[PDB]
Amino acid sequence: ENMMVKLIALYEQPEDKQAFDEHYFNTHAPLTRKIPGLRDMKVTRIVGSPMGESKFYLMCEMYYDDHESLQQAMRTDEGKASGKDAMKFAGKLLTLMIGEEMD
């Protein structure tokens, strides 16, 4: 309650950053932006940790109306196409989390 539902994609460091960045911004993000019910999307470039480098490279937060809507979105043709694309270009780099962003 008193929250907003978001899917969080967290990507670890790619071996080829040029290839990752091209695929992510030119192919993957546009696929994700087609998902019915997606209300907002924020992309965060991870530039380090307080002490140095980070394990993580990129985060994306995708906002939906409610939990049911997120579950339905991931099962649409567009959701499946985005998921399939991520498994191909990012593979094990990707961790997915479901969050409730509190008021």
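Residue positions are given as counts along the sequence shown, with the first one as 1.
Ranked by C-alpha B-factor against the other modelled residues of its chain, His28 falls in the middle third. When the modelled residues of the chain are ordered by their C-alpha B factor, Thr44 lands in the lowest third.
Sort the modelled residues of the chain by CA B factor and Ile8 lands in the lowest third. In this PDB entry, the Cα temperature factor of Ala90 sits in the top third of its chain's modelled residues, the highest group. In the PDB entry, a CA B factor belonging to the middle third of its chain's modelled residues is recorded for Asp77.
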